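This is upload.txt. It holds compact mmCIF, N, CA and C atoms.
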# COMPACT_ATOMS: atom_id res chain seq x y z
N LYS A 1 -31.32 -7.45 110.74
CA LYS A 1 -31.74 -8.12 109.49
C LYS A 1 -30.52 -8.68 108.78
N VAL A 2 -30.72 -9.79 108.08
CA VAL A 2 -29.60 -10.38 107.29
C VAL A 2 -29.93 -10.08 105.84
N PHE A 3 -29.18 -9.18 105.22
CA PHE A 3 -29.48 -8.88 103.79
C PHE A 3 -29.04 -10.04 102.86
N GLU A 4 -29.72 -10.09 101.70
CA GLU A 4 -29.32 -11.02 100.67
C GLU A 4 -28.29 -10.18 99.86
N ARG A 5 -27.36 -10.84 99.23
CA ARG A 5 -26.32 -10.13 98.45
C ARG A 5 -26.83 -9.06 97.50
N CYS A 6 -27.63 -9.42 96.50
CA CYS A 6 -28.09 -8.38 95.54
C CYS A 6 -28.99 -7.33 96.15
N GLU A 7 -29.81 -7.70 97.13
CA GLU A 7 -30.66 -6.70 97.81
C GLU A 7 -29.78 -5.63 98.44
N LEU A 8 -28.67 -6.08 99.06
CA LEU A 8 -27.78 -5.04 99.67
C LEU A 8 -27.11 -4.14 98.63
N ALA A 9 -26.67 -4.77 97.53
CA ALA A 9 -25.96 -4.04 96.48
C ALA A 9 -26.86 -2.92 95.95
N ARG A 10 -28.12 -3.26 95.71
CA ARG A 10 -29.07 -2.22 95.20
C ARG A 10 -29.31 -1.13 96.25
N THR A 11 -29.41 -1.57 97.51
CA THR A 11 -29.61 -0.58 98.60
C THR A 11 -28.42 0.39 98.67
N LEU A 12 -27.20 -0.18 98.74
CA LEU A 12 -26.02 0.69 98.81
C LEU A 12 -25.92 1.65 97.61
N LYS A 13 -26.27 1.16 96.42
CA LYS A 13 -26.19 2.01 95.22
C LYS A 13 -27.10 3.23 95.40
N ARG A 14 -28.32 2.95 95.85
CA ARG A 14 -29.34 4.00 96.08
C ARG A 14 -28.90 5.01 97.11
N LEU A 15 -28.11 4.54 98.08
CA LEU A 15 -27.60 5.40 99.17
C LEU A 15 -26.33 6.15 98.77
N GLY A 16 -25.94 6.03 97.49
CA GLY A 16 -24.82 6.76 96.95
C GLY A 16 -23.45 6.26 97.34
N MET A 17 -23.28 4.97 97.55
CA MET A 17 -21.93 4.47 97.95
C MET A 17 -21.05 4.14 96.78
N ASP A 18 -21.61 3.97 95.60
CA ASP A 18 -20.74 3.58 94.44
C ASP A 18 -19.77 4.71 94.08
N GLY A 19 -18.51 4.50 94.36
CA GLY A 19 -17.46 5.47 94.04
C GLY A 19 -17.29 6.53 95.11
N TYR A 20 -17.96 6.34 96.25
CA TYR A 20 -17.84 7.35 97.34
C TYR A 20 -16.37 7.45 97.73
N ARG A 21 -15.84 8.66 97.67
CA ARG A 21 -14.43 8.90 97.98
C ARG A 21 -13.52 7.88 97.27
N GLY A 22 -13.85 7.55 96.04
CA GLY A 22 -13.09 6.64 95.18
C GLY A 22 -13.29 5.16 95.43
N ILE A 23 -14.27 4.81 96.29
CA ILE A 23 -14.47 3.38 96.61
C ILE A 23 -15.65 2.76 95.86
N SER A 24 -15.33 1.79 95.01
CA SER A 24 -16.39 1.14 94.21
C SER A 24 -17.35 0.32 95.08
N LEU A 25 -18.56 0.18 94.51
CA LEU A 25 -19.60 -0.61 95.21
C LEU A 25 -19.13 -2.01 95.64
N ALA A 26 -18.42 -2.69 94.75
CA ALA A 26 -17.93 -4.06 95.04
C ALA A 26 -17.03 -4.10 96.26
N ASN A 27 -16.32 -3.00 96.51
CA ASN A 27 -15.42 -2.92 97.70
C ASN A 27 -16.29 -2.85 98.95
N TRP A 28 -17.32 -2.01 98.91
CA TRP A 28 -18.23 -1.91 100.08
C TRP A 28 -18.89 -3.28 100.35
N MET A 29 -19.30 -3.94 99.31
CA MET A 29 -19.91 -5.28 99.40
C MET A 29 -18.92 -6.25 100.06
N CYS A 30 -17.70 -6.29 99.55
CA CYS A 30 -16.66 -7.16 100.11
C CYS A 30 -16.48 -6.89 101.61
N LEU A 31 -16.42 -5.58 101.97
CA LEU A 31 -16.27 -5.22 103.37
C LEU A 31 -17.44 -5.75 104.22
N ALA A 32 -18.68 -5.50 103.80
CA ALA A 32 -19.84 -5.94 104.63
C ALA A 32 -19.88 -7.46 104.80
N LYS A 33 -19.51 -8.11 103.68
CA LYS A 33 -19.52 -9.58 103.67
C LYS A 33 -18.56 -10.11 104.75
N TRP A 34 -17.33 -9.61 104.75
CA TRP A 34 -16.33 -10.14 105.72
C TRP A 34 -16.49 -9.56 107.10
N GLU A 35 -17.04 -8.37 107.23
CA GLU A 35 -17.19 -7.86 108.60
C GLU A 35 -18.36 -8.48 109.34
N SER A 36 -19.52 -8.57 108.70
CA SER A 36 -20.71 -9.11 109.41
C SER A 36 -21.54 -10.15 108.68
N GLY A 37 -21.17 -10.59 107.49
CA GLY A 37 -22.04 -11.56 106.81
C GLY A 37 -23.33 -10.84 106.43
N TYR A 38 -23.28 -9.56 106.15
CA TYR A 38 -24.42 -8.73 105.76
C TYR A 38 -25.47 -8.66 106.90
N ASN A 39 -24.99 -8.73 108.13
CA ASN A 39 -25.91 -8.74 109.29
C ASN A 39 -25.95 -7.38 110.01
N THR A 40 -27.09 -6.71 110.04
CA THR A 40 -27.10 -5.40 110.71
C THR A 40 -27.07 -5.50 112.23
N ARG A 41 -27.39 -6.64 112.80
CA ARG A 41 -27.40 -6.65 114.29
C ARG A 41 -26.09 -7.15 114.88
N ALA A 42 -25.13 -7.52 114.04
CA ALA A 42 -23.85 -8.04 114.55
C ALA A 42 -23.14 -7.04 115.48
N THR A 43 -22.59 -7.60 116.54
CA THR A 43 -21.80 -6.83 117.51
C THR A 43 -20.62 -7.74 117.89
N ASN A 44 -19.48 -7.11 118.10
CA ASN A 44 -18.26 -7.85 118.47
C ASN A 44 -17.50 -7.00 119.50
N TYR A 45 -17.38 -7.58 120.69
CA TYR A 45 -16.63 -6.88 121.75
C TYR A 45 -15.15 -7.23 121.59
N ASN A 46 -14.28 -6.27 121.83
CA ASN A 46 -12.81 -6.37 121.76
C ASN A 46 -12.30 -6.24 123.22
N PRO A 47 -12.08 -7.38 123.85
CA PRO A 47 -11.61 -7.42 125.25
C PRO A 47 -10.33 -6.61 125.45
N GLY A 48 -9.51 -6.67 124.40
CA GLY A 48 -8.21 -6.04 124.33
C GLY A 48 -8.23 -4.55 124.65
N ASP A 49 -9.19 -3.82 124.10
CA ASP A 49 -9.20 -2.37 124.35
C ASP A 49 -10.56 -1.87 124.86
N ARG A 50 -11.44 -2.80 125.19
CA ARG A 50 -12.77 -2.48 125.71
C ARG A 50 -13.72 -1.76 124.77
N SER A 51 -13.45 -1.85 123.48
CA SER A 51 -14.37 -1.21 122.48
C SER A 51 -15.25 -2.31 121.90
N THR A 52 -16.29 -1.88 121.14
CA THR A 52 -17.20 -2.81 120.47
C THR A 52 -17.40 -2.34 119.01
N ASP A 53 -17.52 -3.31 118.14
CA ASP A 53 -17.77 -3.12 116.69
C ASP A 53 -19.29 -3.32 116.49
N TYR A 54 -19.90 -2.38 115.77
CA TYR A 54 -21.35 -2.47 115.57
C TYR A 54 -21.87 -2.47 114.13
N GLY A 55 -22.86 -3.34 113.93
CA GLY A 55 -23.60 -3.38 112.67
C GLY A 55 -22.97 -4.03 111.49
N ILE A 56 -23.60 -3.69 110.34
CA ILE A 56 -23.15 -4.33 109.08
C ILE A 56 -21.72 -4.05 108.66
N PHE A 57 -21.23 -2.88 109.06
CA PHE A 57 -19.84 -2.51 108.67
C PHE A 57 -18.86 -2.66 109.85
N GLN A 58 -19.39 -3.19 110.95
CA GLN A 58 -18.58 -3.36 112.19
C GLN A 58 -17.82 -2.08 112.54
N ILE A 59 -18.51 -0.97 112.72
CA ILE A 59 -17.92 0.32 113.07
C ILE A 59 -17.56 0.36 114.57
N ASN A 60 -16.35 0.77 114.87
CA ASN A 60 -15.82 0.81 116.23
C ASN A 60 -16.19 2.00 117.08
N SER A 61 -16.54 1.62 118.33
CA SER A 61 -16.96 2.59 119.34
C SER A 61 -15.82 3.46 119.83
N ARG A 62 -14.56 3.10 119.59
CA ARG A 62 -13.52 4.03 120.11
C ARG A 62 -13.55 5.37 119.40
N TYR A 63 -13.92 5.41 118.12
CA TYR A 63 -13.89 6.67 117.38
C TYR A 63 -15.15 7.20 116.73
N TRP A 64 -16.00 6.24 116.36
CA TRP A 64 -17.17 6.59 115.55
C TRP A 64 -18.54 6.74 116.14
N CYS A 65 -18.87 5.96 117.17
CA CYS A 65 -20.25 6.13 117.73
C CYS A 65 -20.11 6.12 119.23
N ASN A 66 -21.11 6.62 119.94
CA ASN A 66 -20.99 6.59 121.42
C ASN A 66 -21.74 5.40 122.02
N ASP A 67 -21.08 4.61 122.87
CA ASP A 67 -21.77 3.53 123.59
C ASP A 67 -21.60 3.79 125.12
N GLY A 68 -20.94 4.89 125.46
CA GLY A 68 -20.73 5.28 126.84
C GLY A 68 -19.77 4.43 127.65
N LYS A 69 -19.57 3.18 127.30
CA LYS A 69 -18.71 2.29 128.08
C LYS A 69 -17.33 2.14 127.49
N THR A 70 -17.00 2.83 126.42
CA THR A 70 -15.62 2.68 125.90
C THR A 70 -14.78 3.82 126.49
N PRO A 71 -13.67 3.50 127.13
CA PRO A 71 -12.83 4.55 127.71
C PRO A 71 -12.10 5.34 126.64
N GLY A 72 -12.04 6.63 126.91
CA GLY A 72 -11.36 7.65 126.11
C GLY A 72 -11.82 7.72 124.67
N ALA A 73 -13.04 7.33 124.39
CA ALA A 73 -13.58 7.31 123.03
C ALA A 73 -14.17 8.63 122.57
N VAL A 74 -14.29 8.71 121.25
CA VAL A 74 -14.90 9.88 120.61
C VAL A 74 -16.10 9.34 119.80
N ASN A 75 -16.85 10.27 119.26
CA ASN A 75 -18.07 9.90 118.48
C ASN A 75 -18.11 10.74 117.21
N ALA A 76 -17.16 10.48 116.31
CA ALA A 76 -17.07 11.27 115.08
C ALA A 76 -18.35 11.25 114.27
N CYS A 77 -19.10 10.14 114.27
CA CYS A 77 -20.36 10.14 113.47
C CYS A 77 -21.48 10.85 114.23
N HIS A 78 -21.24 11.22 115.47
CA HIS A 78 -22.32 11.89 116.23
C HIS A 78 -23.58 11.03 116.28
N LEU A 79 -23.40 9.77 116.70
CA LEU A 79 -24.55 8.87 116.82
C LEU A 79 -24.37 7.97 118.06
N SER A 80 -25.52 7.49 118.50
CA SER A 80 -25.48 6.46 119.57
C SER A 80 -25.09 5.19 118.76
N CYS A 81 -24.28 4.32 119.34
CA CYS A 81 -23.93 3.08 118.63
C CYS A 81 -25.22 2.29 118.34
N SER A 82 -26.25 2.45 119.11
CA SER A 82 -27.54 1.75 118.90
C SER A 82 -28.02 2.00 117.47
N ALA A 83 -27.73 3.18 116.97
CA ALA A 83 -28.16 3.56 115.61
C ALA A 83 -27.62 2.62 114.54
N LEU A 84 -26.53 1.96 114.81
CA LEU A 84 -25.84 1.06 113.90
C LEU A 84 -26.34 -0.37 113.97
N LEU A 85 -27.39 -0.59 114.75
CA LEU A 85 -27.95 -1.93 114.86
C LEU A 85 -29.37 -1.94 114.27
N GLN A 86 -29.76 -0.88 113.60
CA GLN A 86 -31.14 -0.87 113.01
C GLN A 86 -31.18 -1.71 111.75
N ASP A 87 -32.38 -2.15 111.34
CA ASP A 87 -32.57 -2.89 110.08
C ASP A 87 -32.35 -1.87 108.93
N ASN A 88 -32.73 -0.62 109.12
CA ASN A 88 -32.56 0.41 108.07
C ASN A 88 -31.09 0.84 108.18
N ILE A 89 -30.32 0.74 107.10
CA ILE A 89 -28.88 1.10 107.20
C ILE A 89 -28.50 2.53 106.85
N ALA A 90 -29.48 3.41 106.73
CA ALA A 90 -29.15 4.81 106.37
C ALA A 90 -28.13 5.44 107.32
N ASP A 91 -28.33 5.24 108.63
CA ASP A 91 -27.36 5.83 109.58
C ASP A 91 -25.98 5.16 109.47
N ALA A 92 -25.99 3.85 109.33
CA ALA A 92 -24.72 3.10 109.23
C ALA A 92 -23.96 3.58 107.99
N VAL A 93 -24.66 3.79 106.89
CA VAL A 93 -24.03 4.25 105.64
C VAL A 93 -23.46 5.66 105.84
N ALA A 94 -24.26 6.54 106.47
CA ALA A 94 -23.76 7.93 106.66
C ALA A 94 -22.48 7.88 107.49
N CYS A 95 -22.40 6.98 108.44
CA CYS A 95 -21.22 6.85 109.33
C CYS A 95 -20.07 6.23 108.55
N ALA A 96 -20.35 5.21 107.76
CA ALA A 96 -19.28 4.59 106.95
C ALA A 96 -18.66 5.65 106.04
N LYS A 97 -19.52 6.55 105.52
CA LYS A 97 -19.01 7.62 104.64
C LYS A 97 -18.08 8.52 105.44
N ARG A 98 -18.47 8.81 106.68
CA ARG A 98 -17.59 9.64 107.56
C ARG A 98 -16.26 8.94 107.79
N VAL A 99 -16.25 7.63 108.09
CA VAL A 99 -14.99 6.92 108.33
C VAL A 99 -14.02 7.06 107.15
N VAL A 100 -14.53 6.89 105.93
CA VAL A 100 -13.61 6.96 104.78
C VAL A 100 -13.20 8.37 104.41
N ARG A 101 -13.74 9.37 105.05
CA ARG A 101 -13.34 10.75 104.78
C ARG A 101 -11.98 10.99 105.48
N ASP A 102 -11.54 10.11 106.36
CA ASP A 102 -10.22 10.24 107.02
C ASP A 102 -9.18 9.72 106.02
N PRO A 103 -7.92 10.09 106.20
CA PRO A 103 -6.84 9.72 105.27
C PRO A 103 -6.72 8.26 104.91
N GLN A 104 -6.94 7.33 105.84
CA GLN A 104 -6.84 5.89 105.56
C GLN A 104 -7.89 5.40 104.55
N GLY A 105 -8.99 6.14 104.44
CA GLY A 105 -10.05 5.72 103.48
C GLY A 105 -10.53 4.34 103.93
N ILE A 106 -10.81 3.46 102.99
CA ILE A 106 -11.30 2.10 103.24
C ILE A 106 -10.31 1.22 103.99
N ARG A 107 -9.03 1.59 104.00
CA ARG A 107 -7.99 0.83 104.70
C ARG A 107 -8.17 0.85 106.21
N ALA A 108 -9.06 1.69 106.67
CA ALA A 108 -9.34 1.80 108.12
C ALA A 108 -9.82 0.47 108.69
N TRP A 109 -10.39 -0.38 107.85
CA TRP A 109 -10.90 -1.71 108.28
C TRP A 109 -9.83 -2.73 107.92
N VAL A 110 -9.24 -3.40 108.90
CA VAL A 110 -8.18 -4.36 108.51
C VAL A 110 -8.74 -5.51 107.72
N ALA A 111 -9.99 -5.86 107.94
CA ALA A 111 -10.56 -6.98 107.17
C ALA A 111 -10.55 -6.63 105.66
N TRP A 112 -10.67 -5.33 105.35
CA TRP A 112 -10.67 -4.93 103.92
C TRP A 112 -9.32 -5.29 103.28
N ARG A 113 -8.27 -4.99 104.02
CA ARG A 113 -6.89 -5.29 103.56
C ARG A 113 -6.67 -6.80 103.42
N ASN A 114 -7.13 -7.52 104.45
CA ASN A 114 -6.93 -8.99 104.41
C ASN A 114 -7.68 -9.72 103.31
N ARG A 115 -8.95 -9.33 103.18
CA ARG A 115 -9.85 -10.01 102.27
C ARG A 115 -10.28 -9.36 101.00
N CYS A 116 -10.05 -8.09 100.83
CA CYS A 116 -10.57 -7.42 99.62
C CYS A 116 -9.52 -6.70 98.78
N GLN A 117 -8.52 -6.17 99.43
CA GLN A 117 -7.49 -5.41 98.68
C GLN A 117 -6.78 -6.30 97.67
N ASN A 118 -6.65 -5.74 96.47
CA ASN A 118 -5.98 -6.43 95.37
C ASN A 118 -6.59 -7.76 95.02
N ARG A 119 -7.86 -7.98 95.22
CA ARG A 119 -8.57 -9.20 94.85
C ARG A 119 -9.60 -8.82 93.75
N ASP A 120 -10.04 -9.87 93.11
CA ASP A 120 -11.09 -9.71 92.08
C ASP A 120 -12.39 -9.60 92.92
N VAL A 121 -12.90 -8.40 93.14
CA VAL A 121 -14.12 -8.27 93.97
C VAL A 121 -15.41 -8.22 93.14
N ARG A 122 -15.29 -8.42 91.84
CA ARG A 122 -16.46 -8.36 90.93
C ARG A 122 -17.56 -9.31 91.38
N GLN A 123 -17.15 -10.43 91.95
CA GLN A 123 -18.02 -11.47 92.44
C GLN A 123 -19.18 -10.99 93.31
N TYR A 124 -18.85 -10.05 94.18
CA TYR A 124 -19.83 -9.50 95.13
C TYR A 124 -20.97 -8.77 94.47
N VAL A 125 -20.81 -8.21 93.29
CA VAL A 125 -21.96 -7.52 92.68
C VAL A 125 -22.42 -8.22 91.38
N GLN A 126 -21.79 -9.32 91.01
CA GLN A 126 -22.20 -9.95 89.73
C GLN A 126 -23.68 -10.35 89.78
N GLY A 127 -24.38 -9.98 88.72
CA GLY A 127 -25.77 -10.21 88.46
C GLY A 127 -26.78 -9.49 89.31
N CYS A 128 -26.38 -8.46 90.03
CA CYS A 128 -27.32 -7.73 90.89
C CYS A 128 -28.00 -6.58 90.16
N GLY A 129 -27.59 -6.30 88.94
CA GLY A 129 -28.21 -5.20 88.17
C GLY A 129 -27.75 -3.86 88.68
N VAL A 130 -26.57 -3.74 89.25
CA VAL A 130 -26.10 -2.43 89.74
C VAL A 130 -24.93 -1.96 88.85
Can I see the file as C-alpha cells?
Amino acid sequence: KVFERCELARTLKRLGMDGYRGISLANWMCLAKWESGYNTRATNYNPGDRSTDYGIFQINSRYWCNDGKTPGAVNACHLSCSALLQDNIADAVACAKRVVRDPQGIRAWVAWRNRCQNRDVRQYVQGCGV
C-alpha cells in the first residue's frame, strides 16, 4: 500500500512512535518518505553484500529479519522479512522500534543522516492533526 502523508502520521502516532527512544514523529515520517516513498511493498536488493531492504522503513535482512538467502545474517526482530511487506505496518513498526534500541538509534539508516538530520522536519507532519 502507498500511504498518504497525514494518514501515515496518524497511524504511527497510534502505534506509539512519537518520541520512541527520543525520536519525534516527524523524524520517523522523514525516514519513511526517503526510504520508500511511504510504500509498504518496496524492496531493494543490495548486490554489494547480497542483502535486501524491506518495506516502508527499508529494514535490512542482514540483521533484522530472515529472508534465508542473506549470508551470515541474523534476525533480531524475529520475523520473516515477508512480514515487512504487509499493508498493515504493525510488524514493521515493532521491528523499527527494535532497530533504534541499538546504540546508533535512528542513525542506523544512512538516509536519515543524509536527508533528515539537522533539517527542519516539521514539514512532514504539518496539518496532520498529530
So that I can check the surroundings of segment 125-128 of chain A, please list as a PyMOL selection string every protein, DNA and RNA residue that reaches within 9 Å of it, counting only C-alpha atoms and ignoring chain neighbours fewer than 4 positions away. chain A and resi 5-7+9-10+25-26+29+121
Report as a list in words all protein, DNA and RNA residues lying within 8 Å of residue 69 of chain A, evaluated on only N, CA and C atoms, omitting residues in the same chain fewer than 3 positions from it.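 After dropping sequence-adjacent residues, the list is residues 50, 51, 52, 61, 66, 72 and 73 of chain A.
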Neighbouring residues of residue 43 of chain A were defined as those with any atom within 7 Å, considering all atoms listed in the file; residues of the same chain fewer than 2 positions away were excluded. Please report them as a compact mmCIF listing (two decimals) with N, CA and C atoms, keeping the file's coordinate frame.
# COMPACT_ATOMS: atom_id res chain seq x y z
N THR A 40 -27.09 -6.71 110.04
CA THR A 40 -27.10 -5.40 110.71
C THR A 40 -27.07 -5.50 112.23
N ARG A 41 -27.39 -6.64 112.80
CA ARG A 41 -27.40 -6.65 114.29
C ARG A 41 -26.09 -7.15 114.88
N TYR A 45 -17.38 -7.58 120.69
CA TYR A 45 -16.63 -6.88 121.75
C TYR A 45 -15.15 -7.23 121.59
N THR A 52 -16.29 -1.88 121.14
CA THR A 52 -17.20 -2.81 120.47
C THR A 52 -17.40 -2.34 119.01
N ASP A 53 -17.52 -3.31 118.14
CA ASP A 53 -17.77 -3.12 116.69
C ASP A 53 -19.29 -3.32 116.49
N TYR A 54 -19.90 -2.38 115.77
CA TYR A 54 -21.35 -2.47 115.57
C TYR A 54 -21.87 -2.47 114.13
N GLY A 55 -22.86 -3.34 113.93
CA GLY A 55 -23.60 -3.38 112.67
C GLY A 55 -22.97 -4.03 111.49
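Minimum atom-to-atom distances from A:100, A:23, A:130, A:42 to residue 85 of chain A were compared using all atoms listed in the file, and the lowest value belongs to A:42.
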So, with all atoms listed in the file as the atoms that count, which of A:47, A:34, A:28, A:98 lies closest to residue 115 of chain A?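 Answer, going by the shortest atom-to-atom distance: A:34.
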DSSP-assigned alpha helix (DSSP H) among chain A, expressed as an mmCIF file with N, CA and C atoms, in the coordinates of the input:
data_model
loop_
_atom_site.group_PDB
_atom_site.id
_atom_site.type_symbol
_atom_site.label_atom_id
_atom_site.label_comp_id
_atom_site.auth_asym_id
_atom_site.auth_seq_id
_atom_site.Cartn_x
_atom_site.Cartn_y
_atom_site.Cartn_z
ATOM 1 N N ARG A 5 -27.360 -10.840 99.230
ATOM 2 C CA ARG A 5 -26.320 -10.130 98.450
ATOM 3 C C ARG A 5 -26.830 -9.060 97.500
ATOM 4 N N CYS A 6 -27.630 -9.420 96.500
ATOM 5 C CA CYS A 6 -28.090 -8.380 95.540
ATOM 6 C C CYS A 6 -28.990 -7.330 96.150
ATOM 7 N N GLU A 7 -29.810 -7.700 97.130
ATOM 8 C CA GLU A 7 -30.660 -6.700 97.810
ATOM 9 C C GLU A 7 -29.780 -5.630 98.440
ATOM 10 N N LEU A 8 -28.670 -6.080 99.060
ATOM 11 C CA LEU A 8 -27.780 -5.040 99.670
ATOM 12 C C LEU A 8 -27.110 -4.140 98.630
ATOM 13 N N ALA A 9 -26.670 -4.770 97.530
ATOM 14 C CA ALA A 9 -25.960 -4.040 96.480
ATOM 15 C C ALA A 9 -26.860 -2.920 95.950
ATOM 16 N N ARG A 10 -28.120 -3.260 95.710
ATOM 17 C CA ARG A 10 -29.070 -2.220 95.200
ATOM 18 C C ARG A 10 -29.310 -1.130 96.250
ATOM 19 N N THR A 11 -29.410 -1.570 97.510
ATOM 20 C CA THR A 11 -29.610 -0.580 98.600
ATOM 21 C C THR A 11 -28.420 0.390 98.670
ATOM 22 N N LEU A 12 -27.200 -0.180 98.740
ATOM 23 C CA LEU A 12 -26.020 0.690 98.810
ATOM 24 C C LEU A 12 -25.920 1.650 97.610
ATOM 25 N N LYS A 13 -26.270 1.160 96.420
ATOM 26 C CA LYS A 13 -26.190 2.010 95.220
ATOM 27 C C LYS A 13 -27.100 3.230 95.400
ATOM 28 N N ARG A 14 -28.320 2.950 95.850
ATOM 29 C CA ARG A 14 -29.340 4.000 96.080
ATOM 30 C C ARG A 14 -28.900 5.010 97.110
ATOM 31 N N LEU A 25 -18.560 0.180 94.510
ATOM 32 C CA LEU A 25 -19.600 -0.610 95.210
ATOM 33 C C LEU A 25 -19.130 -2.010 95.640
ATOM 34 N N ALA A 26 -18.420 -2.690 94.750
ATOM 35 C CA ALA A 26 -17.930 -4.060 95.040
ATOM 36 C C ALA A 26 -17.030 -4.100 96.260
ATOM 37 N N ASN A 27 -16.320 -3.000 96.510
ATOM 38 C CA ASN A 27 -15.420 -2.920 97.700
ATOM 39 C C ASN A 27 -16.290 -2.850 98.950
ATOM 40 N N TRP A 28 -17.320 -2.010 98.910
ATOM 41 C CA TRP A 28 -18.230 -1.910 100.080
ATOM 42 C C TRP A 28 -18.890 -3.280 100.350
ATOM 43 N N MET A 29 -19.300 -3.940 99.310
ATOM 44 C CA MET A 29 -19.910 -5.280 99.400
ATOM 45 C C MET A 29 -18.920 -6.250 100.060
ATOM 46 N N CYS A 30 -17.700 -6.290 99.550
ATOM 47 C CA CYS A 30 -16.660 -7.160 100.110
ATOM 48 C C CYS A 30 -16.480 -6.890 101.610
ATOM 49 N N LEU A 31 -16.420 -5.580 101.970
ATOM 50 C CA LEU A 31 -16.270 -5.220 103.370
ATOM 51 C C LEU A 31 -17.440 -5.750 104.220
ATOM 52 N N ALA A 32 -18.680 -5.500 103.800
ATOM 53 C CA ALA A 32 -19.840 -5.940 104.630
ATOM 54 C C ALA A 32 -19.880 -7.460 104.800
ATOM 55 N N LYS A 33 -19.510 -8.110 103.680
ATOM 56 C CA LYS A 33 -19.520 -9.580 103.670
ATOM 57 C C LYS A 33 -18.560 -10.110 104.750
ATOM 58 N N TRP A 34 -17.330 -9.610 104.750
ATOM 59 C CA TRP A 34 -16.330 -10.140 105.720
ATOM 60 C C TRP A 34 -16.490 -9.560 107.100
ATOM 61 N N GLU A 35 -17.040 -8.370 107.230
ATOM 62 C CA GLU A 35 -17.190 -7.860 108.600
ATOM 63 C C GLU A 35 -18.360 -8.480 109.340
ATOM 64 N N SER A 36 -19.520 -8.570 108.700
ATOM 65 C CA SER A 36 -20.710 -9.110 109.410
ATOM 66 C C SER A 36 -21.540 -10.150 108.680
ATOM 67 N N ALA A 90 -29.480 3.410 106.730
ATOM 68 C CA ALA A 90 -29.150 4.810 106.370
ATOM 69 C C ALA A 90 -28.130 5.440 107.320
ATOM 70 N N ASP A 91 -28.330 5.240 108.630
ATOM 71 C CA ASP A 91 -27.360 5.830 109.580
ATOM 72 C C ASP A 91 -25.980 5.160 109.470
ATOM 73 N N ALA A 92 -25.990 3.850 109.330
ATOM 74 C CA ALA A 92 -24.720 3.100 109.230
ATOM 75 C C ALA A 92 -23.960 3.580 107.990
ATOM 76 N N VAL A 93 -24.660 3.790 106.890
ATOM 77 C CA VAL A 93 -24.030 4.250 105.640
ATOM 78 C C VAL A 93 -23.460 5.660 105.840
ATOM 79 N N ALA A 94 -24.260 6.540 106.470
ATOM 80 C CA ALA A 94 -23.760 7.930 106.660
ATOM 81 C C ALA A 94 -22.480 7.880 107.490
ATOM 82 N N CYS A 95 -22.400 6.980 108.440
ATOM 83 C CA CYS A 95 -21.220 6.850 109.330
ATOM 84 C C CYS A 95 -20.070 6.230 108.550
ATOM 85 N N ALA A 96 -20.350 5.210 107.760
ATOM 86 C CA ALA A 96 -19.280 4.590 106.950
ATOM 87 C C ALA A 96 -18.660 5.650 106.040
ATOM 88 N N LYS A 97 -19.520 6.550 105.520
ATOM 89 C CA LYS A 97 -19.010 7.620 104.640
ATOM 90 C C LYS A 97 -18.080 8.520 105.440
ATOM 91 N N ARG A 98 -18.470 8.810 106.680
ATOM 92 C CA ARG A 98 -17.590 9.640 107.560
ATOM 93 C C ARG A 98 -16.260 8.940 107.790
ATOM 94 N N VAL A 99 -16.250 7.630 108.090
ATOM 95 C CA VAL A 99 -14.990 6.920 108.330
ATOM 96 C C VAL A 99 -14.020 7.060 107.150
ATOM 97 N N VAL A 100 -14.530 6.890 105.930
ATOM 98 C CA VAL A 100 -13.610 6.960 104.780
ATOM 99 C C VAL A 100 -13.200 8.370 104.410
ATOM 100 N N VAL A 110 -9.240 -3.400 108.900
ATOM 101 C CA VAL A 110 -8.180 -4.360 108.510
ATOM 102 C C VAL A 110 -8.740 -5.510 107.720
ATOM 103 N N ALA A 111 -9.990 -5.860 107.940
ATOM 104 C CA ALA A 111 -10.560 -6.980 107.170
ATOM 105 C C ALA A 111 -10.550 -6.630 105.660
ATOM 106 N N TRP A 112 -10.670 -5.330 105.350
ATOM 107 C CA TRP A 112 -10.670 -4.930 103.920
ATOM 108 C C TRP A 112 -9.320 -5.290 103.280
ATOM 109 N N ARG A 113 -8.270 -4.990 104.020
ATOM 110 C CA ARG A 113 -6.890 -5.290 103.560
ATOM 111 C C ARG A 113 -6.670 -6.800 103.420
ATOM 112 N N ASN A 114 -7.130 -7.520 104.450
ATOM 113 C CA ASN A 114 -6.930 -8.990 104.410
ATOM 114 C C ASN A 114 -7.680 -9.720 103.310
ATOM 115 N N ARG A 115 -8.950 -9.330 103.180
ATOM 116 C CA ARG A 115 -9.850 -10.010 102.270
ATOM 117 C C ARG A 115 -10.280 -9.360 101.000
#
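Atom pair atom CA of residue 105 of chain A / atom CA of residue 32 of chain A: separated by 15.3 Å.
One finds atom C of residue 62 of chain A at 4.9 Å from atom CA of residue 74 of chain A.
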Closest to residue 59 of chain A among A:11, A:90, A:104, A:84, using all atoms listed in the file? A:84
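The coordinates place atom C of residue 19 of chain A at 14.0 Å from atom C of residue 102 of chain A.
The smallest atom-to-atom distance between residue 56 of chain A and any of A:108, A:8, A:94, A:31, using all atoms listed in the file, is found for A:31.
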What lies within 6 Å of residue 65 of chain A using only N, CA and C atoms, ignoring chain neighbours under 2 positions off, as an MDAnalysis selection string? chainID A and resid 60:63 67 74:81
Could you write out, as a PyMOL selection string, all the residues of chain A that DSSP marks as strand (DSSP E)? chain A and resi 43-46+51-54+59-60
Taking into account only C-alpha atoms, which residue in the set A:30, A:93, A:111, A:2 is nearest to residue 16 of chain A? A:93
Output as lines of an AutoDock Vina configuration file the centre and edge lengths (Å, one decimal) of the box along x, y and z of the file that holds every listed atom of segment 109-124 of chain A after adding 6 Å on each side.
center_x = -13.5
center_y = -5.9
center_z = 99.9
size_x = 27.0
size_y = 23.1
size_z = 30.0
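Closest approach to residue 3 of chain A among A:88, A:82, A:70, A:58 is made by A:88 (distances from only C-alpha atoms).
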